[PDB]
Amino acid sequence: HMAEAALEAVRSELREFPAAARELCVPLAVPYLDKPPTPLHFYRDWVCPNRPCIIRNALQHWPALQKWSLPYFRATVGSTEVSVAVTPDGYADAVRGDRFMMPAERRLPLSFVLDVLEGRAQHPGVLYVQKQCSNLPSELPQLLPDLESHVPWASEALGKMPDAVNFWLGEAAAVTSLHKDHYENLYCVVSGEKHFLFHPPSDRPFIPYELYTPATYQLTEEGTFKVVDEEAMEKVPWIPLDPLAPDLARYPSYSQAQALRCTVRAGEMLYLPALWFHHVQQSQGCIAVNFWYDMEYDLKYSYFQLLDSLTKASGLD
């Protein structure tokens, strides 16, 4: 009886938190820094308040920035075998139909990827060097001397070294579905550009989540794609909504969230804070590197956990 009234009160506060939080803590545009910050300034101004920014002139020390290019990769590591994600439509690790679709895993010489990117050669579907798991040192070690194993002022600020360094090189059709990571992320564009769409963690009440049975694409011999359910896998929660084409009929509440878009260009470094929902688009053959630092699990993390569970518990998700 009366409990229903208490439930709507709780729901109203959860619905009001995302607006309150952004007016106080979320920028109106992802800000630019004229130069790398000091470790103290970085932690106080961006890391602790959990706020994104793009740092200019932070890679001028990197040999890679003057050297890296599709022709340079061909000459330098063309024969190196790399892991390449293949999908029919360019959405790896994304909800397609009623399944969480995982990429097809293929080993291919880098040279081939470069030909496909340049339109020199074809392949069914969409290619993306996107292995992660610190794929830069793991698969293209010969490129390590062309960059720093870490961002010194950022590593000093956080008091720890990165847990992984990943290399990203994909087709323009290769889109990363909206998701969040429990890492502090420094995303460095060496060539081309990346188009980032953001939601802050405090938008959680309006970001829909559902459980999907996991599946993987299997690439046939006939040049088509099959779906192989991962029968021996626990189910995985994921965000079904496309921020670029949101289904406001199924999840009207996403309109009450507010996305923050931005583009990061070659030579620029983006600080993407921990737990921020992000969706990523790239230019054809974009070359990028990102540094992952495990986040600190403190009051901000415990608070988000409460927000995430209460979003579900209150029936907003």
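Counting begins at 1, following the sequence as shown.
Engineer: Decide which of the stretches 222-230 and 237-245 has the higher mean C-alpha B-factor, going by the entry.
Structural biologist: The entry gives the higher C-alpha B-factor average to 222-230.
Engineer: If you rank the chain by CA B-factor, which third does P141 end up in: lowest, middle or highest?
Structural biologist: It belongs to the highest third of the chain when residues are ordered by C-alpha B-factor.
Engineer: Comparing against every modelled residue in the chain, figure out the third that the C-alpha B-factor of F196 lands in (lowest, middle or highest).
Structural biologist: Bottom third by C-alpha B-factor.
Engineer: Splitting the chain's C-alpha B-factors into thirds, which one does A20 fall into?
Structural biologist: Ranked within chain, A20 CA B lands in the lowest tercile.
Engineer: Lowest, middle or highest third: where is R204 by C-alpha B factor in its chain?
Structural biologist: Tercile = lowest for this residue's CA B-factor.
Engineer: Comparing against every modelled residue in the chain, figure out the third that the C-alpha B-factor of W292 lands in (lowest, middle or highest).
Structural biologist: According to the entry, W292 has a C-alpha B-factor in the chain's middle third.
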